[PDB]
Amino acid sequence: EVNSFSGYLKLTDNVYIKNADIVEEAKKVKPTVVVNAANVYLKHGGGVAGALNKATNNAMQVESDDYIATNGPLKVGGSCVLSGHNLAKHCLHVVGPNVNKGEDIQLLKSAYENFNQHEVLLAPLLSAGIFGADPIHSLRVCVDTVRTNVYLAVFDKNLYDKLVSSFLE
Ligand SMILES: CC(C)[C@H](Nc1ncnc2[nH]c(-c3ccnc(OCCN(C)C)c3)cc12)c1ccc2c(c1)S(=O)(=O)CCC2
């Protein structure tokens, strides 16, 4: 079956959320698009990007280095479409701002706007974790910006509960 997402909670007509590891979701669902929480040089050294790359047995990193050689780095707020490998048909590498490294939080709207070029996506919560954005703010920007169908996988039950409670206020 195609895009067989299971156990998500529907927040709006186009945003769904689950307490799950995005890697495990991608292996099970094999969505049309999986979003990577990338950096501008597509160096998948840890966190979500390192976990997605390891699940491809480093094929994503080799492909990413070849893309950077020919095209140069992305911009913060920008994206590129590369292979999904064994995880999806495509991987949309999206650069959210890293607030802990001084980048502008307003670029989070530009980052989520990349999602609107794809009908259905499996994605992480952009700029959360060690990128330093307030995760409740990142969910509000996602809900206000994305118009296509997005399935958010958040791998932390404590944060999942805080995000759902924050949305349902
Ligand atoms: C907020 C947090 C809960 C969330 N984390 C995650 N959200 C969704 N899916 C996730 N998988 C993993 C993961 C990390 C290590 N190893 C893994 O797999 C190893 C076991 N397998 C072999 C069974 C999976 C983490 C993760 C998240 C959201 C956005 C960002 C980050 C973190 S960040 O990486 O800190 C910076 C970039 C933006």
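What counts, and where the lines are drawn
Residues numbered from 1 in each chain as written, not as in the entry; some residues may be left out. Heavy atoms only, no water. 1 Å grid on protein atoms, 1.4 Å probe; cavity = no way out; pocket = protein on both sides within 12 Å on 5 of 7 lines; lining within 4 Å. Points joined across faces, edges and corners; volume = space filled by probe spheres on them. Helix = DSSP H or I, 4+ residues; strand = E, 2+ residues; numbered from the N terminus. Near = heavy atom within 4 Å. Polar contact = N/O pair within 3.5 Å; in protein donor to acceptor, adjacent residues only side chain to side chain. Areas by Shrake-Rupley, 256 points an atom, 1.4 Å probe, with all protein chains shown as cover. Sits in = over half its atoms within 2 Å of the grid points. Nonpolar A, V, L, I, M, F, W, Y, C, P; charged D, E, K, R; others polar. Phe/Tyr/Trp six-rings, centres within 6.5 Å; stacked < 30°, edge-to-face > 60°. Buried < 20%, exposed > 50% of the residue type's maximum accessible area, 1.4 Å probe, protein only. Core = buried A, V, L, I, M, F, W, Y, C linked by side-chain atoms within 4.5 Å. Contact = heavy atoms within 4.5 Å. Pairing = 2+ DSSP bridges.

- If you check the header, you'll see the entry was determined by X-ray crystallography and the resolution is listed as 1.18 Å.

### Focus: the layout of surface pockets
- When its volume is computed, the largest pocket comes out at roughly 640 Å³.
- Lining the largest pocket are 27 residues, and of these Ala-37, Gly-47, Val-48, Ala-128 and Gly-129 lie nearest its centre.
- Elements supplying a minimum of two residues to the lining of the largest pocket: α1 (22–29), α2 (47–55) and β7 (149–154).
- Broken down by element, the lining of the largest pocket gets its largest block of residues, four residues, from α2.

### Points about the site of the ligand
- Neighbouring residues of the ligand: 17 residues in total, closest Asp-21, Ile-22, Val-48, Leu-125 and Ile-130.
- At a separation of 2.8 Å, a nitrogen atom of the ligand approaches a polar side-chain atom of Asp-21.
- Computed on the free molecule, the ligand has an accessible area of 800 Å², of which 69% lies beneath the protein chains in the complex.
- With respect to the detected pockets, the ligand is housed in the largest pocket.
- Looking at the shell around the ligand, the elements that each hand over two or more residues are α1 and α2.
- Looking at side-chain class alone, the shell around the ligand contains 12 nonpolar, two polar and three charged residues.

### Quick look at the packing of aromatic side chains
- Enumeration over the complete set of coordinates arrives at five aromatic pairs.
- Ring centres 5.2 Å apart and planes at 90° place the aromatic pair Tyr-8 and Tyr-151 in the edge-to-face group. Pair noted here: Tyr-8 is in the segment before β1 (9–10) and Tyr-151 is in strand β7, with a separation of 143 residues, a long-range link.
- Overall, the relative accessible area of 16% leaves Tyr-8 in the buried class.
- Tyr-151 gets classed as buried once you look at its relative accessible area, which sits at 15%.
- By the ring-pair criterion, three or more aromatic residues cluster together here, those being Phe-5, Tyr-8, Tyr-16 and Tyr-151.

### Concerning the nonpolar core
- Among the nonpolar cores identified, the biggest contains 27 residues, and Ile-17, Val-35, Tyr-112, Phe-115, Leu-126, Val-150 and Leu-152 are the most heavily contacted of them.
- For this core, the elements supplying multiple residues, two or more each, are β2 (15–19), β3 (33–37), β5 (90–94), α4 (107–113), β6 (120–123), α5 (135–145), β7 and α6 (157–167).
- When residues of this core are assigned to their parent elements, the largest contribution, four residues, is made by α5.
- With residues up to four places along the chain from it excluded, the contact list for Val-35 reads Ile-22, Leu-52, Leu-92, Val-94, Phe-115, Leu-121, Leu-122, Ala-123, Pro-124 and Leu-126.
- Residues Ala-55, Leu-87, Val-120 and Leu-122 belong to the second largest nonpolar core, which totals 19 residues.

### Observations regarding the pairing of strand β4 (residues 79–83)
- Pairing of β4 with β5, which is carried by five bridges, proceeds in the antiparallel orientation. Across the sheet, residue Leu-82 finds its bridge partner in β5, namely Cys-91.

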